[PDB]
file coords12.cif (mmCIF, C-alpha atoms)
data_data
#
loop_
_atom_site.group_PDB
_atom_site.id
_atom_site.type_symbol
_atom_site.label_atom_id
_atom_site.label_comp_id
_atom_site.auth_asym_id
_atom_site.auth_seq_id
_atom_site.Cartn_x
_atom_site.Cartn_y
_atom_site.Cartn_z
ATOM 1 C CA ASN Z 787 5.238 -31.977 8.432
ATOM 2 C CA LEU Z 788 4.121 -28.349 8.189
ATOM 3 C CA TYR Z 789 3.458 -26.616 11.541
ATOM 4 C CA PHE Z 790 0.234 -24.728 12.166
ATOM 5 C CA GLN Z 791 -1.559 -22.904 14.934
ATOM 6 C CA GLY Z 792 -5.192 -22.648 15.983
ATOM 7 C CA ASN Z 793 -7.313 -21.602 18.926
ATOM 8 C CA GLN Z 794 -9.798 -24.513 18.746
ATOM 9 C CA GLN Z 795 -9.730 -27.767 20.735
ATOM 10 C CA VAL Z 796 -12.001 -29.756 18.393
ATOM 11 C CA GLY Z 797 -14.053 -29.425 15.173
ATOM 12 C CA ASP Z 798 -13.890 -28.523 11.502
ATOM 13 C CA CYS Z 799 -11.095 -26.484 9.916
ATOM 14 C CA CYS Z 800 -9.262 -25.996 6.619
ATOM 15 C CA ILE Z 801 -5.764 -25.250 5.341
ATOM 16 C CA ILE Z 802 -5.516 -22.253 3.064
ATOM 17 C CA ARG Z 803 -2.552 -20.724 1.237
ATOM 18 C CA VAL Z 804 -1.655 -17.097 2.029
ATOM 19 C CA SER Z 805 0.383 -15.056 -0.418
ATOM 20 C CA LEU Z 806 2.535 -11.971 0.081
ATOM 21 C CA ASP Z 807 4.349 -9.964 -2.630
ATOM 22 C CA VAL Z 808 8.017 -10.299 -1.609
ATOM 23 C CA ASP Z 809 11.359 -10.612 -3.553
ATOM 24 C CA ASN Z 810 9.827 -9.695 -6.994
ATOM 25 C CA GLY Z 811 7.199 -12.502 -6.808
ATOM 26 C CA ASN Z 812 4.635 -14.182 -4.514
ATOM 27 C CA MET Z 813 5.512 -16.512 -1.622
ATOM 28 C CA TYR Z 814 2.607 -18.705 -0.422
ATOM 29 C CA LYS Z 815 2.478 -20.135 3.125
ATOM 30 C CA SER Z 816 -0.071 -22.711 4.284
ATOM 31 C CA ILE Z 817 -2.310 -21.445 7.112
ATOM 32 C CA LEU Z 818 -4.809 -23.235 9.408
ATOM 33 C CA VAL Z 819 -8.318 -21.726 9.506
ATOM 34 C CA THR Z 820 -10.573 -23.047 12.251
ATOM 35 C CA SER Z 821 -14.414 -22.923 11.902
ATOM 36 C CA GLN Z 822 -14.522 -20.163 14.622
ATOM 37 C CA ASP Z 823 -11.626 -18.023 13.124
ATOM 38 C CA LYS Z 824 -12.368 -14.428 12.110
ATOM 39 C CA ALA Z 825 -10.121 -12.482 9.656
ATOM 40 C CA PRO Z 826 -7.745 -10.903 12.347
ATOM 41 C CA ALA Z 827 -6.804 -14.304 13.911
ATOM 42 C CA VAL Z 828 -6.026 -15.652 10.355
ATOM 43 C CA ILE Z 829 -4.036 -12.477 9.418
ATOM 44 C CA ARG Z 830 -1.841 -12.883 12.621
ATOM 45 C CA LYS Z 831 -1.066 -16.507 11.662
ATOM 46 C CA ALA Z 832 -0.167 -15.426 8.068
ATOM 47 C CA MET Z 833 2.022 -12.519 9.385
ATOM 48 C CA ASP Z 834 3.886 -14.932 11.750
ATOM 49 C CA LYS Z 835 4.726 -17.251 8.772
ATOM 50 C CA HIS Z 836 5.724 -14.329 6.495
ATOM 51 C CA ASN Z 837 8.005 -12.943 9.342
ATOM 52 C CA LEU Z 838 5.998 -9.670 9.719
ATOM 53 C CA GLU Z 839 6.296 -9.810 13.596
ATOM 54 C CA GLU Z 840 7.021 -6.038 13.958
ATOM 55 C CA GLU Z 841 3.804 -5.225 11.940
ATOM 56 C CA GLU Z 842 0.068 -5.155 12.913
ATOM 57 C CA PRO Z 843 -2.960 -7.182 11.659
ATOM 58 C CA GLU Z 844 -5.022 -3.917 11.490
ATOM 59 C CA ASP Z 845 -2.734 -2.739 8.638
ATOM 60 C CA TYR Z 846 -3.563 -5.756 6.425
ATOM 61 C CA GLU Z 847 -6.502 -7.305 4.582
ATOM 62 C CA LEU Z 848 -7.251 -10.856 3.446
ATOM 63 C CA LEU Z 849 -8.536 -11.352 -0.146
ATOM 64 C CA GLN Z 850 -9.435 -14.746 -1.651
ATOM 65 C CA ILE Z 851 -8.025 -15.203 -5.169
ATOM 66 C CA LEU Z 852 -10.992 -16.362 -7.281
ATOM 67 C CA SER Z 853 -9.082 -15.978 -10.633
ATOM 68 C CA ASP Z 854 -6.148 -14.035 -12.240
ATOM 69 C CA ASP Z 855 -8.444 -10.943 -12.574
ATOM 70 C CA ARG Z 856 -10.950 -11.530 -9.679
ATOM 71 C CA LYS Z 857 -10.438 -11.142 -5.897
ATOM 72 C CA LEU Z 858 -12.902 -11.523 -2.985
ATOM 73 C CA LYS Z 859 -12.391 -9.221 0.009
ATOM 74 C CA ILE Z 860 -12.907 -10.955 3.385
ATOM 75 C CA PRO Z 861 -14.576 -8.349 5.710
ATOM 76 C CA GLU Z 862 -12.327 -7.036 8.566
ATOM 77 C CA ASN Z 863 -14.144 -9.105 11.204
ATOM 78 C CA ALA Z 864 -15.891 -11.891 9.297
ATOM 79 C CA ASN Z 865 -15.652 -15.601 10.094
ATOM 80 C CA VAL Z 866 -13.204 -16.826 7.348
ATOM 81 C CA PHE Z 867 -14.433 -20.475 7.215
ATOM 82 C CA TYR Z 868 -17.944 -19.311 6.197
ATOM 83 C CA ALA Z 869 -17.252 -15.953 4.375
ATOM 84 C CA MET Z 870 -14.806 -17.669 1.933
ATOM 85 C CA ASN Z 871 -15.851 -19.398 -1.306
ATOM 86 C CA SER Z 872 -15.505 -23.027 -0.068
ATOM 87 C CA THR Z 873 -15.733 -24.547 -3.599
ATOM 88 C CA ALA Z 874 -13.174 -22.077 -5.130
ATOM 89 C CA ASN Z 875 -9.328 -22.096 -4.789
ATOM 90 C CA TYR Z 876 -8.236 -21.799 -1.104
ATOM 91 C CA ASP Z 877 -5.620 -19.212 -2.253
ATOM 92 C CA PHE Z 878 -5.471 -15.851 -0.487
ATOM 93 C CA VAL Z 879 -3.491 -12.638 -0.653
ATOM 94 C CA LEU Z 880 -2.318 -10.747 2.454
ATOM 95 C CA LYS Z 881 -2.446 -7.125 1.259
ATOM 96 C CA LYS Z 882 -1.289 -3.977 3.121
ATOM 97 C CA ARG Z 883 -4.090 -1.352 3.368
ATOM 98 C CA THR Z 884 -3.578 2.171 1.865
ATOM 99 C CA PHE Z 885 -5.001 4.073 4.918
ATOM 100 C CA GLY Z 888 -7.603 9.106 10.446
ATOM 101 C CA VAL Z 889 -6.895 11.397 7.457
ATOM 102 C CA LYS Z 890 -9.420 13.274 5.243
ATOM 103 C CA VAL Z 891 -8.326 12.943 1.551
ATOM 104 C CA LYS Z 892 -9.717 15.498 -0.978
ATOM 105 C CA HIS Z 893 -10.112 13.435 -4.250
ATOM 106 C CA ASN E 787 23.815 23.006 -2.231
ATOM 107 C CA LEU E 788 21.028 20.474 -2.801
ATOM 108 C CA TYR E 789 20.818 18.903 -6.278
ATOM 109 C CA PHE E 790 17.659 18.982 -8.415
ATOM 110 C CA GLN E 791 16.324 18.001 -11.811
ATOM 111 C CA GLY E 792 13.886 19.620 -14.250
ATOM 112 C CA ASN E 793 12.850 19.447 -17.890
ATOM 113 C CA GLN E 794 12.358 23.200 -18.304
ATOM 114 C CA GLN E 795 14.809 25.694 -19.778
ATOM 115 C CA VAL E 796 13.338 28.861 -18.221
ATOM 116 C CA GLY E 797 10.428 30.025 -16.042
ATOM 117 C CA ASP E 798 8.745 29.664 -12.650
ATOM 118 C CA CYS E 799 8.961 26.722 -10.280
ATOM 119 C CA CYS E 800 8.821 25.702 -6.645
ATOM 120 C CA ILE E 801 10.754 23.393 -4.371
ATOM 121 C CA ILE E 802 8.408 20.966 -2.589
ATOM 122 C CA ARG E 803 9.172 18.397 0.124
ATOM 123 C CA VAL E 804 8.177 14.805 -0.679
ATOM 124 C CA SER E 805 7.864 12.265 2.130
ATOM 125 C CA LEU E 806 8.172 8.462 1.922
ATOM 126 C CA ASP E 807 7.307 6.168 4.897
ATOM 127 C CA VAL E 808 10.662 4.344 5.519
ATOM 128 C CA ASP E 809 12.762 2.951 8.506
ATOM 129 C CA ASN E 810 10.018 3.504 11.158
ATOM 130 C CA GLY E 811 9.525 7.166 10.172
ATOM 131 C CA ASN E 812 9.087 9.563 7.231
ATOM 132 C CA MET E 813 12.064 10.755 5.201
ATOM 133 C CA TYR E 814 11.461 14.009 3.302
ATOM 134 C CA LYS E 815 13.470 14.969 0.168
ATOM 135 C CA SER E 816 13.293 18.369 -1.572
ATOM 136 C CA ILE E 817 11.964 18.141 -5.186
ATOM 137 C CA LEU E 818 11.942 20.720 -7.973
ATOM 138 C CA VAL E 819 8.457 21.280 -9.481
ATOM 139 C CA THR E 820 8.570 23.346 -12.726
ATOM 140 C CA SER E 821 5.438 25.293 -13.904
ATOM 141 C CA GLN E 822 5.108 22.694 -16.780
ATOM 142 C CA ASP E 823 5.562 19.466 -14.683
ATOM 143 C CA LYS E 824 2.696 16.957 -14.478
ATOM 144 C CA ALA E 825 2.438 14.354 -11.593
ATOM 145 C CA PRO E 826 4.433 11.538 -13.432
ATOM 146 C CA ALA E 827 7.560 13.739 -14.017
ATOM 147 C CA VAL E 828 7.462 14.892 -10.286
ATOM 148 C CA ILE E 829 6.866 11.295 -9.036
ATOM 149 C CA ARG E 830 9.932 10.101 -11.063
ATOM 150 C CA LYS E 831 12.133 12.765 -9.376
ATOM 151 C CA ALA E 832 10.813 11.819 -5.863
ATOM 152 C CA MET E 833 11.437 8.064 -6.593
ATOM 153 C CA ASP E 834 15.028 8.828 -7.758
ATOM 154 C CA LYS E 835 15.757 10.725 -4.454
ATOM 155 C CA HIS E 836 14.074 8.009 -2.313
ATOM 156 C CA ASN E 837 16.064 5.282 -4.261
ATOM 157 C CA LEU E 838 12.965 3.542 -5.744
ATOM 158 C CA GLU E 839 14.702 3.171 -9.206
ATOM 159 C CA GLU E 840 13.401 -0.451 -9.614
ATOM 160 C CA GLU E 841 9.798 0.851 -9.131
ATOM 161 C CA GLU E 842 7.338 2.535 -11.543
ATOM 162 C CA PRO E 843 5.615 5.954 -11.314
ATOM 163 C CA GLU E 844 2.228 4.383 -12.278
ATOM 164 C CA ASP E 845 2.224 2.540 -8.897
ATOM 165 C CA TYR E 846 2.488 5.782 -6.829
ATOM 166 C CA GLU E 847 0.560 8.988 -6.174
ATOM 167 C CA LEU E 848 1.266 12.451 -4.742
ATOM 168 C CA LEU E 849 -0.850 13.875 -1.921
ATOM 169 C CA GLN E 850 -0.261 17.409 -0.666
ATOM 170 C CA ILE E 851 -0.300 17.463 3.185
ATOM 171 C CA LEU E 852 -2.695 20.333 4.012
ATOM 172 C CA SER E 853 -2.643 19.459 7.792
ATOM 173 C CA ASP E 854 -2.096 16.355 10.050
ATOM 174 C CA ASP E 855 -5.636 15.136 9.102
ATOM 175 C CA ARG E 856 -6.237 16.805 5.638
ATOM 176 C CA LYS E 857 -4.673 15.746 2.304
ATOM 177 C CA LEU E 858 -5.088 16.860 -1.313
ATOM 178 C CA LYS E 859 -4.724 14.096 -3.901
ATOM 179 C CA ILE E 860 -2.880 15.272 -7.051
ATOM 180 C CA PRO E 861 -4.637 13.631 -10.088
ATOM 181 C CA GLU E 862 -2.486 11.096 -12.043
ATOM 182 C CA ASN E 863 -1.842 13.446 -14.987
ATOM 183 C CA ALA E 864 -2.465 16.905 -13.499
ATOM 184 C CA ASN E 865 0.009 19.799 -13.741
ATOM 185 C CA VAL E 866 1.428 19.880 -10.151
ATOM 186 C CA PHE E 867 2.296 23.639 -10.006
ATOM 187 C CA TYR E 868 -1.378 24.427 -10.804
ATOM 188 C CA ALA E 869 -3.212 21.468 -9.108
ATOM 189 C CA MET E 870 -1.489 22.017 -5.716
ATOM 190 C CA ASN E 871 -2.821 24.485 -3.106
ATOM 191 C CA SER E 872 -0.360 27.400 -3.682
ATOM 192 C CA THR E 873 -0.863 28.920 -0.208
ATOM 193 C CA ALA E 874 -0.682 25.640 1.793
ATOM 194 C CA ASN E 875 2.527 23.904 3.027
ATOM 195 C CA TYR E 876 4.610 22.579 0.090
ATOM 196 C CA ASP E 877 4.795 19.196 1.876
ATOM 197 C CA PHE E 878 3.691 16.057 0.030
ATOM 198 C CA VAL E 879 3.555 12.303 0.546
ATOM 199 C CA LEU E 880 4.610 9.757 -2.132
ATOM 200 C CA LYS E 881 2.170 6.888 -1.500
ATOM 201 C CA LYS E 882 1.737 3.435 -3.120
ATOM 202 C CA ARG E 883 -1.598 3.495 -5.048
ATOM 203 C CA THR E 884 -4.625 1.299 -4.163
ATOM 204 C CA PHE E 885 -5.960 -1.000 -6.950
ATOM 205 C CA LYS E 890 -11.483 -6.046 -9.757
ATOM 206 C CA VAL E 891 -12.220 -6.730 -6.040
ATOM 207 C CA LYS E 892 -15.751 -8.169 -5.322
#
call {"tool": "encode", "arguments": {"input": "coords12.cif", "output": "structure tokens"}}
result
Amino acid sequence: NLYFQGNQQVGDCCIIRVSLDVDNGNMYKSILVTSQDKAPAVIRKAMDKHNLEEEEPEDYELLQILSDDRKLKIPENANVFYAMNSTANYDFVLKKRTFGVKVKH
Amino acid sequence: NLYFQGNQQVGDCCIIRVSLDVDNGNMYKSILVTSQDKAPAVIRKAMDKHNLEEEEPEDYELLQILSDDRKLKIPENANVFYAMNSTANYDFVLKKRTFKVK
């Protein structure tokens, strides 16, 4: 079996696939998303599976892969189970943000 | 001596310091900027010194560090010697660029 983690005793949930660009490609790990889960709880689970223990969830974002050219950003503190496109591919990318500095463009 | 590279035979230049976030910190390397160098040529020199040979200059950008909370983005194909703030610190950061997100 695959091992998963969740902070819910009972109810609806889904298994998604979370990608990370590593070793000149993309490694996908399966992640449990409970109906109550917001983006940071899902990011921590994905980081644990991708062995990013010394890193922080605040430095990453979750984007649902709609197609090869389209991505859907999951807001920083949105409920994943409802913000995601439930009829589209349950494939996501864990992306490091490019961030308290004023940048003159 | 420090070693540098440049595609100019004669004329004015400046030595800038280019930072890369690596090994829980920021390593700075000194980079030669000739009066004729545009951002891609400077980025390639910074990448060589920071050992990013397997990476591409199109994936990075230069930002001049004006202060701890102020930065000046050098446009992708701007002449660095002229786009930079000439009176500010010649300290820069080599940063991975941010890229159809709905």
call {"tool": "atom_distance", "arguments": {"input": "coords12.cif", "atom1": "atom CA of residue Z:866", "atom2": "atom CA of residue Z:825"}}
result
5.8 Å
call {"tool": "closest_atom_pairs", "arguments": {"input": "coords12.cif", "of": "chain E", "to": "chain Z", "cutoff": "9 Å", "atoms": "only C-alpha atoms", "output": "CSV"}}
result
residue,atom,partner,partner_atom,distance
E:849,CA,Z:891,CA,8.3
E:854,CA,Z:889,CA,7.4
E:855,CA,Z:889,CA,4.3
E:856,CA,Z:890,CA,4.8
E:857,CA,Z:891,CA,4.7
E:858,CA,Z:892,CA,4.8
E:859,CA,Z:893,CA,5.4
E:860,CA,Z:893,CA,8.0
E:861,CA,Z:893,CA,8.0
E:881,CA,Z:884,CA,8.2
E:882,CA,Z:884,CA,7.4
E:883,CA,Z:884,CA,7.3
E:884,CA,Z:884,CA,6.2
E:890,CA,Z:856,CA,5.5
E:891,CA,Z:857,CA,4.8
E:892,CA,Z:858,CA,5.0
call {"tool": "atom_distance", "arguments": {"input": "coords12.cif", "atom1": "atom CA of residue E:794", "atom2": "atom CA of residue E:819"}}
result
9.8 Å
call {"tool": "atom_distance", "arguments": {"input": "coords12.cif", "atom1": "atom CA of residue Z:790", "atom2": "atom CA of residue Z:819"}}
result
9.4 Å
call {"tool": "residues_around", "arguments": {"input": "coords12.cif", "residues": "stretch 821-834 of chain E", "least_positions_apart": "3", "cutoff": "6 Å", "atoms": "all atoms listed in the file", "output": "PyMOL selection string"}}
result
chain E and resi 798-799+837-839+843+862-867
